[PDB]
C-alpha cells in the first residue's frame, strides 16, 4: 500500500460536535507514504473562501502543507499536510471570508480521523 483512504470529521472547538467546516472538505481524505514520510491529502471546497489555514498535531506542532492542485473552475484546492502514523486528530486554524453574508472570521477546529494514521508500505 502506497496510500489508503482515511475518513475524518471536523469538529467544533471545545466539543465533539460536528463543525460546519466539515461540509467544505471532501471525504474521505487519503494517507500517502513517500519514502519515509507520510502525508494527509485533502480537498478544500470553495477554496476561494479559505484565506488562510494552518494545521497542527495534538502537541501543537505546526504541520507543513503543500498545494498540489488548484482548480479555479471547480473552486477547489488539494493540499498535502505532513503527518506521522499514529495521529488521531489535527487542530486547524482558519481564516474564512464569505462575501454573500459579509463574513470575515477566524476559527479553530479539530479534524478527527476515523482511526490513527496507519503505517504503510
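Positions refer to the first chain, counted from 1.
Read off the CA B-factors in the entry, average them over 101-109 and over 17-25, and name the higher stretch.
The deposited B-factors put 101-109 ahead on the C-alpha mean.
With respect to the recorded C-alpha B factors, which stretch has the higher mean value, 91-99 or 78-86?
Comparing 91-99 with 78-86, the higher average CA B-factor belongs to 91-99.
For the listed residues 34, 41, 69, 45, which one has the largest C-alpha B-factor as given in the deposited model?
Highest C-alpha B-factor among the listed residues goes to 69.
Going by what the PDB entry lists, where does residue 6 fall on CA B-factor within its chain: lowest, middle or highest third?
Lowest third - that is where residue 6 ends up once the chain's C-alpha B-factors are sorted.
Third of the chain's Cα B-factor distribution that residue 116 belongs to, per the entry
Its C-alpha B-factor belongs to the middle third of this chain's values.
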